[PDB]
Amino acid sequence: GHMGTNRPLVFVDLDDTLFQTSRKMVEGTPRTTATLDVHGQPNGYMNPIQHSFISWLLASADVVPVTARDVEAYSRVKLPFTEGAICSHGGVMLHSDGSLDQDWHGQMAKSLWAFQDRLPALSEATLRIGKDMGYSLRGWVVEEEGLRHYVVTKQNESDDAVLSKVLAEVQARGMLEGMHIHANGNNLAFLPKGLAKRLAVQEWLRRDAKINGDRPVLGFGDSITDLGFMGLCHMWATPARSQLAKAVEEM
């Protein structure tokens, strides 16, 4: 029979799915502010199709962000999400009022305590090995209060090919055993085994099923690594010029 709401549950990636930075848009084209930088100034935007799409989607379905952003960076997203969120590559679940889900935090803590020393050392070694290559890098450990989640590294050369080289060497030096990687644009991330958008979306669906039974689930994402959580949905979707769509084009 029917229980709860019939409307779709839609898991949406954020950066380069709902909005993007200025450098990824054609100059002068109209835009709406979607994110702020740490100094409080606009730094991410929606074009006219994008703001029309997310407005319709938020009005029509239960929309849940599934993002690499940590909680602070997610709080700089200026979109009226009302159902909570998955943050930090699946390391964090937020309730609808923005408060931290204590149960998931306990489970993630358990999965991640074997990595708490390795993560700062891995970021340090990557940033050193990057300067050894002569590359001007930038990186840090993404973390919540008390718990370190994953390592991120960016380049300042305006050449994303730099990061593919480091990934090749770090892999050969055997630094990534027990971990998986995300690479898209100027972003290279090293994630512990038990940290994944897929795991948090899997838990979100388990909880939803007790309230709403089986209802249509849709996943939207732009990265190849977003296929993890997107594969848990009944239908998945991607922007026409995404990293994922471009890879499908070449297949």
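So that there is no doubt, residue numbering starts at 1 and follows the sequence shown.
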Output the stretch having the higher mean C-alpha B factor in the entry; the candidates are 28-36 and 208-216.
28-36
Looking at the deposited entry, does 177-185 or 99-107 carry the larger mean Cα B-factor?
177-185
Which one of 91, 146, 80, 84 shows the top CA temperature factor in the record?
146
Which listed residue, 73, 127, 112, 142, has the largest C-alpha temperature factor in the record?
127
In terms of the CA temperature factor given in the entry, to which third of its chain does residue 193 belong: lowest, middle or highest?
highest
Compared with the other modelled residues in the chain, in which third is the CA B-factor of residue 248?
middle
